Structure formats: structure tokens, C-alpha cells
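Below is one structure; the comments refer to it alone.
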Amino acid sequence: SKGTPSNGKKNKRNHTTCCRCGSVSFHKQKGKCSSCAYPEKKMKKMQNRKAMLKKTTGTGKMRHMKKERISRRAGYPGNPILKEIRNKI
Amino acid sequence: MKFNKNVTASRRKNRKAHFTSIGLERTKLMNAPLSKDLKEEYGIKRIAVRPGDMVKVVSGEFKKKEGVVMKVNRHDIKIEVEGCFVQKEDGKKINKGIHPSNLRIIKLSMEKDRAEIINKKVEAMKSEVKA
Amino acid sequence: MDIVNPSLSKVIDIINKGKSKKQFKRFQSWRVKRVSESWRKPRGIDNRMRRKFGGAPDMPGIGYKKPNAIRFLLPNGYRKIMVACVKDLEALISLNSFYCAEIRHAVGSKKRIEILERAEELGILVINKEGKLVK
Amino acid sequence: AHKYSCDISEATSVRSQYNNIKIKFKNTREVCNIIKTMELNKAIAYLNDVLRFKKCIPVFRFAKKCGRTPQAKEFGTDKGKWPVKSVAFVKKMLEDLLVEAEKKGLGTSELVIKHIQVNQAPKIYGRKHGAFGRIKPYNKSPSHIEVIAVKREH
Amino acid sequence: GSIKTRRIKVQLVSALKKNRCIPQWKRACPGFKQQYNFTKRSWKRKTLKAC
RNA sequence: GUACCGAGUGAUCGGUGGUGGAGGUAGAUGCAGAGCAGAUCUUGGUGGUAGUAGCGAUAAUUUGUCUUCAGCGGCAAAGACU
RNA sequence: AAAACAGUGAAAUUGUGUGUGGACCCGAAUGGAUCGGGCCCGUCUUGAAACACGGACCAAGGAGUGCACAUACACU
RNA sequence: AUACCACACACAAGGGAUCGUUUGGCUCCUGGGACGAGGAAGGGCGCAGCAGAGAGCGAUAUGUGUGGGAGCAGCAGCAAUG
Ligand SMILES: [Zn+2]
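Protein chains in written order, with PDB author numbering: chain LJJ, 2 to 90; chain LY0, 1 to 131; chain LEE, 1 to 135; chain LP0, 2 to 155; chain LLL, 2 to 52.
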């Protein structure tokens, strides 16, 4: 029967951890990730605005982008040992 | 009246600026007035209280008392003065902290960099006073 | 306190014994705790009180209103005025024949002393005279 | 500190109280009800007989569908019970007051149980699984206790 | 079971080090306001999804 | 907030005594997210039923002895079962 | 999803003590037995106490609003 | 009605309404509109004297230079040679 007794046979596992996004959604037989479309070059279309804002720029650390803004503020000064190269250029 | 529009007059903003202060801005919170004589001995009108200096308590339970500053709590803005304490049920004694502005300085601790700190402030005045 | 308006002294007891003690409780406020006692008019299609069947309670209305002369009169025979300052008593100086003063609850002890001293010399009756100032 | 539920003098009385005890509320108040106004040595003797099945606790308020018993005739009813777990606790509690009495300098006799009360403490939550995939409550109902005994004027 | 991949093992190792209460000294610190670590888990009540 | 007492046909309003520990009104006007018993209403908390219904398909359990401090827990000797 | 102050601490509901009654409301009284009148509210309906439906209990929330365009009235 | 059931009042329980408060939200205005093969955005794993989560940082996981200047919140140790 289709209820409790059929639950006993459910011991196989079709999805594993995706290497691009972490989300335990890589379908091994299809060769595709259901969250991010790996191995396609572009990321997947997200279903709605609510769901996509959960993965935008600024939801993580933004390491590089923050440093760039501070350097731009300072006038891109560079390493002080090498000022002469900068000044010539 | 205030005519500069870059400075805020919001209660919410002024309060956050107080409690979340750090660095030099935190040191400004620990200032106290000098006595009339010291304001002739030195140019300054007020300084940040440090251990070892001598203070008169001018408000609260311990009014009229005099003593040496033992410790400076920066996180919870309070100063501990020698001989201002309460006794527990156990007989054990706990120093009670006083807010900086309720004190007045009577003698300055001149250990370490204090003499240079004072000099730096006097010069900063004259630089603009004489102009 | 046992005081009376002198103009009504020989009449006040007739007046007092004549006042109604009727209450107009809201219908079924006795049946469920969620309905308070405060009057609301019943508006149901079937309702026995609205339809005025014998045995249901009575409803408020204009017929029960007191005569214009007796209305608002305290049991000592005066009408009341609220006061909170020394400068308030100054208003009563022409009216003290029929009106008396009642100091507001929030006025504190130190101030009440100053009000009562002024009341004595102007000859004004204060009904909360004892008040908090018994101690 | 604790505000006992009535006013009796500190001299000539002895007291105890406990909170959140893990004896069952409804059983405990049927026990307390019957030993009210009784003399302390009589109370301790009676409770010893209940533990041995020689006498019973009669039931009056929390009593529906209870069994009938010849031991209940001593209190003019048919219905009675033997709640061992509550009896052991109350007995210990009363015995400690005789220690306090002796140490305080009253007599070990002429003490009478003048006040005793039980209150409900907050529930401790539990669960049981039912049929058709349902889950139902399975909670526990503890209690709070006060006693005051006084010396008879006689 | 006994057979594991390298990727599965690192997930188990990390899931095992994170599963600890607040150390007893932190509770004494003036500024500290946590009662219990809400990220603690039991194998009887949750799945890791290491698969 | 809670007991009493007075004023009003009524919606409501005022005072007194305890509790509480820092804010609050009276008059004239302005703007509204402006008054509840009900919607198999929404969320949270609590009753009666009730010390009641039930908690015990399967091989089975007894005695002594130590702990436990009051676990048919452990160990010896029997009796059974897959 | 929930969860502010280690403030204040209402109602439902429970125990103990003291009083008054046997479902309760309105009118009128005694030292004391009580006398007279009253069916359960809300709602659709010619017609509800209904063998019509919703309602175990308490708190808090909970429903004619904003703009555009013509309009009649009152006021400047 | 000795003890049950109901109501009123005082005391103790049970729950979190009300009033007082707010380093949060929302709306309008002004500025800004600055990423990546020199490896981005996003994911994982490591790093503390006692250290789970979060914050900060990459095996150089609190290094160098400039301007200042008093403590490091608990316990043990550090600090005008900062
Ligand atoms: Zn993916």
C-alpha cells in the first residue's frame, strides 16, 4: 500500500553537495544542479524577487569591493616604496 | 539657535553617538573641572581624570569627601575613589563608582606623559588666541 | 462632615429621600462576564427588552430626568467647582451662596495647606478638607 | 521570605513551606483536608495506619467513580482510598515540626494543626503518540504546601 | 557506513566540532547576555543532510 | 491598578484609603489607522468532562545477597524460551 | 517563526478563611417560612423558545477609506 | 448539605493585559552611483592562553609607516622599550 509500508523502501539519494553553491541540490544522474544550473556558464533564473534577493551582492562579505572603495577614496596611492613609477606614469 | 544643517538635533541620533563612542571620543567623556588655584598653575580648565590624582566629590552620598583615584571604568562610565564604599551582609566592602562630572580635581598625578599632554593643549590655545 | 447650605436647611432631607436609586444595567450582563454593566440600547429583531414585554427590565429615557432646580445638587445642598490653585478660589467670591470647592486629586500636601488657609479667610466651603492631610 | 496565607504569632507556633514538590495536586488536598484541626501526635499515628492499609483517606471533592470501603465509616461516608506517595511526604513534613517544637522550647504535646493549604504549581509538559498520526498531551501536575501548628491554650 | 568519500568526511568532522555548549567562563563576563547555544543538535532529532 | 462613597435619563465623570515609583491635565480649535459579544473570526492563555478513559499481542518467572538509597540495577542458584 | 525592561502586574481559572443561597434577572418586603412577573441571545424570514444555523471561557487585534471628474446644498 | 454546587469579600497561587520607556522600523528630501583573467560576486575550510555561535582576519591568520596617547570588561598574565 501507498502510505506507511512504501516509506520503508526509500533508501537511495539522488542529490549531493554542489561545488559552485553549497546547496545539496546536484542531481547525479541528470548531471545538473537544481539551485544554480552548474555546469552551465551563467547562473539559473531565480523564480521570484523575494528568493533572488537572498543571494545578491552584499549578502556575503564583499571583501574585494570594500577595499577598492577605500583605495578610490585615498586617490589610488599605491605602495610607497614605488612612488617614482606611479609619478612617471 | 543652530544654523549649520550638517549637525543633527535628533534625540535618537545624539543618544546613539554617545553610547557607541570609541577611541579619543571616549576619552572626552572622562573630563572633570579643575579647582580655582590649578587654573592659575596651568592654562587648562578641564582634563581627563587618571589614577593617582586627588579629587573632591561635590554631589551624591559621598559629598565633601576627598581621596585618590583608584580605577577608571571606560565601558561603564565611572571612577572609583579611595574610601568610598558600601558594606555587604557579609561585612565585605565594595567600591561604588562615581560619574566623572560629579568630581573636581585638587592635585594632579604627573606620572608618565601628563606633562606633554598639558603642554600640547596650552600651545593649541595660544596658536589661535594671539592671532 | 455634617454641614448644610443655610438656604435649604429645612428642606434638604425631603430632597435627599426623594432621589431615585434605579440602575440601568445592560441586558444579559448577568449572563456572561464579557459584557460589561454599561448601558447600550438593544437592537435585535427578536429582543424582549426592545419590544417592551412585561417582565423585562425598564429602559432609560427623558421621563426620568430630575427637575431643573434640584439637578446637580450634592447632599449638603451645594453645587461643586474644581480647584487646583490659590487663584481659582478668587472666582468663587461672588458665588459662595450656592457653590463649594473640591481640590483636584493630584495637588500635593505642601500646596494644599496654602489653599486651605486662603479658603478660611475668604469664607469658602471645601469638601475634601481632610483629604490626604490627616497625618 | 514567604508570605504565609494567614496571621498567627511567631511565639507559640511552628511553620514550614515547600515549592514545586512532584506529588500530585488532587491527591494531596484530600490528604490535607482530613488532618486539619487534629493534634500532631494523633496525625502522625493515623498516617502510619494508612501506609499499612489498616485505615483510609476519605474523599469528598475529587471523588467521582471512586471505590466503596468499610474503613470510610469512621468519617460517615462510603468512599475512600490509599494514596501512599502523598502520605509518605506529608508524614516526613509533620515529623520535622516536632523536632522544631522540641528545639524551640515548646512541649512535644498540646500542638494542634491550625492551618494547612495546598496550591497548584505550573505544569511540566509531555507527549504521547496516538492513532492516525496524531500527538496528544501527557503533562504532570505538581504542588506547593504550607503548615502552621500552635500550642493549645487549654 | 564504513565507505566514505573525502567530501563527506570533512562535513562530518566540521559538524562534530561545532556541537558544543557555551564555555563556563564566558558566563562571568560583564557584557555577555546569552543563556544557551541554540545551534546545538542531537542525532535523534535532526538530519545533517551529508547523505 | 484595586476596594468603597457621591454626581448624571444615559454614553460617562469626580473624590477617599491601601499598592505603585515618574510623569499628568482643564478650556478653545486642527488632523484621524477614533468606541465590539458574535464573523465554523486572528493570536496567546485557561476550564468542565476527570484522578476518569486508558497504560498488559509476543517466551515467564522465583529465591538469596550486596549496592542503590531504594533501579525485578548487579552477582550467585533454580525454572523457561528463540 | 518566537523572544524588550531581572518595572507595574488586570481578567479567565485554583486553594484557604468568613458570610449568603440552591440556575439567574426585574418589582416589593420580613425576626422568619417568600409573594407577583419573566422561555436564549445574535441572524435570514409572512412567521423563532424552537426538533433552523453560529456561540465552552477571558484578554488584546478586528470592517464605508484615499484620489480624479461632473453635481445639489451650507458657509466666505 | 457537616463536607457537594454557586456567588460576594480578604489573603496566597496562575497568567501576562494596562500605564510609564525605546542605540529599531517607515515616509519625504539631498548626495552618491565606486566590480571581474592584476581571478569578481557567491560558497567551503582554518586562525584566540582558557573560545560553541556571531564579528574580525588568511599559514605574515593584531606585520610596516604616519597622527595621536592609558589602559587591555571575567581569571591569569601584559603595557611610556607604547
Ligand atoms: Zn549549485
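Just so you know, even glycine gets a beta-carbon here, dropped at the ideal spot from N, CA and C.
_Residues near residue 76 (chain LP0) in its chain [Cβ-Cβ closer than 6 Å; skip 5 each side]_ = 59
*asked:* Could you check if residue 144 (chain LP0) belongs to the surroundings of ligand 1, using beta carbon to heavy atom distance under 8 Å?
replied: no
*In whole angstroms, what separates the C-alpha of residue 148 (chain LP0) from that of residue 55 (chain LEE)?*
52 Å
*CB residue 113 (chain LP0) to CB residue 153 (chain LP0), shorter than 9 Å?*
yes
*asked:* If the cut-off is 9 Å on Cβ atoms, which residues from the region 41–66 of chain LJJ count as contacting chain LLL, listed in chain order?
replied: none
*Local conformation of residue 85 (chain LY0) per DSSP, three classes*: strand
*Would residue 113 (chain LY0) be called buried (16 or more neighbouring beta carbons within 10 Å of its own) or exposed?*
exposed
*asked:* Would residue 26 (chain LY0) and residue 74 (chain LY0) be called neighbours here (beta carbons separated by less than 9 Å)?
replied: Contact: yes.
*Please confirm if the region 8–15 of chain LLL is in contact with the region 30–47 of chain LLL, defined as three or more CB-CB distances below 8 Å between the two stretches.*
no
*For residue 14 (chain LJJ) and chain LLL, any beta-carbon pair shorter than 9 Å?*
yes
*Tell me whether residue 63 (chain LJJ) sits in a helix, a strand or coil according to DSSP, three-state version.*
Here residue 63 (chain LJJ) carries a coil assignment [DSSP, helix/strand/coil].
*Rounded Cβ spacing between residue 100 (chain LEE) and residue 80 (chain LEE) (contact assumed at less than 8 Å)*: In this structure, residue 100 (chain LEE) and residue 80 (chain LEE) form a Cβ contact; the two beta carbons are roughly 6 Å apart against a cut-off of 8 Å.
*Short-range partners of chain LLL found in the region 2–34 of chain LJJ, where Cβ spacing is below 8 Å*: Cβ contacts with chain LLL come from 14, 16, 17, 18 and 25.
_Can you pull out the residues from the region 22–41 of chain LLL whose beta carbon lies closer than 7 Å to at least one beta carbon of chain LJJ?_
Correct list: empty, as no residue qualifies.
_Is any non-hydrogen atom of ligand 1 found closer than 8 Å to the C-beta of residue 21 (chain LJJ), if you look at the structure I gave you?_
yes
_Given 8 Å as the limit, tell me if residue 22 (chain LLL) has its C-beta closer than that to any heavy atom belonging to ligand 1._
no
*From residue 127 (chain LY0) to residue 120 (chain LY0), what does the alpha carbon distance come to, in whole angstroms?*
As the crow flies, the alpha-carbon of residue 127 (chain LY0) is around 11 Å from that of residue 120 (chain LY0).
_Between residue 50 (chain LLL) and chain LJJ, is any beta-carbon pair separated by less than 9 Å?_
By this cut-off, residue 50 (chain LLL) is an interface position.
*Between the region 5–16 of chain LLL and chain LJJ, which residues of the former have CB atoms less than 8 Å from a CB of the latter, in chain order?*
8 and 12
_Boundaries (first-last residue) of the beta strand (DSSP E) holding residue 112 (chain LP0)_ = 112–121
*Hey, is the region 45–65 of chain LP0 in contact with the region 102–111 of chain LP0, meaning 3+ C-beta pairs nearer than 8 Å?*
Not touching, per the Cβ criterion.
*Please name the residue or residues paired with residue 101 (chain LEE) in a DSSP beta bridge.*
81 (chain LEE) and 126 (chain LEE)
*Would you report the Cα separation of residue 83 (chain LEE) and residue 13 (chain LEE), rounded to the nearest angstrom?*
28 Å
*May I ask you to check if the CB of residue 36 (chain LJJ) is nearer than 8 Å to at least one heavy atom of ligand 1?*
The answer is yes for residue 36 (chain LJJ).
*Can you give me the Cβ contacts of residue 125 (chain LEE) inside the same chain, cut-off strictly under 6 Å, excluding the 5 residues immediately before and after it?*
100
*Report the rounded CA-to-CA distance for residue 94 (chain LEE) versus residue 2 (chain LEE), giving the unit in angstroms.*
In a straight line, the C-alpha of residue 94 (chain LEE) is about 24 Å away from that of residue 2 (chain LEE).
_Assigned secondary structure, residue 130 (chain LP0) (DSSP; H/G/I helix, E/B strand, else coil)_ = strand
*Buried versus exposed call for residue 139 (chain LP0) [16 or more other C-beta atoms within 10 Å across all chains shown]*: exposed
*asked:* In this structure, how does DSSP classify residue 93 (chain LY0) when only helix, strand and coil are distinguished?
replied: strand
*Euclidean distance between Cα positions of residue 157 (chain LP0) and residue 137 (chain LP0)*: Beyond the ends of chain LP0 as shown, which are 2 and 155, falls residue 157 (chain LP0); an answer cannot be given.
*Where DSSP assigns a beta bridge to residue 58 (chain LP0), which residues make up the other side?*
Residue 58 (chain LP0) is bridged to 82 (chain LP0).
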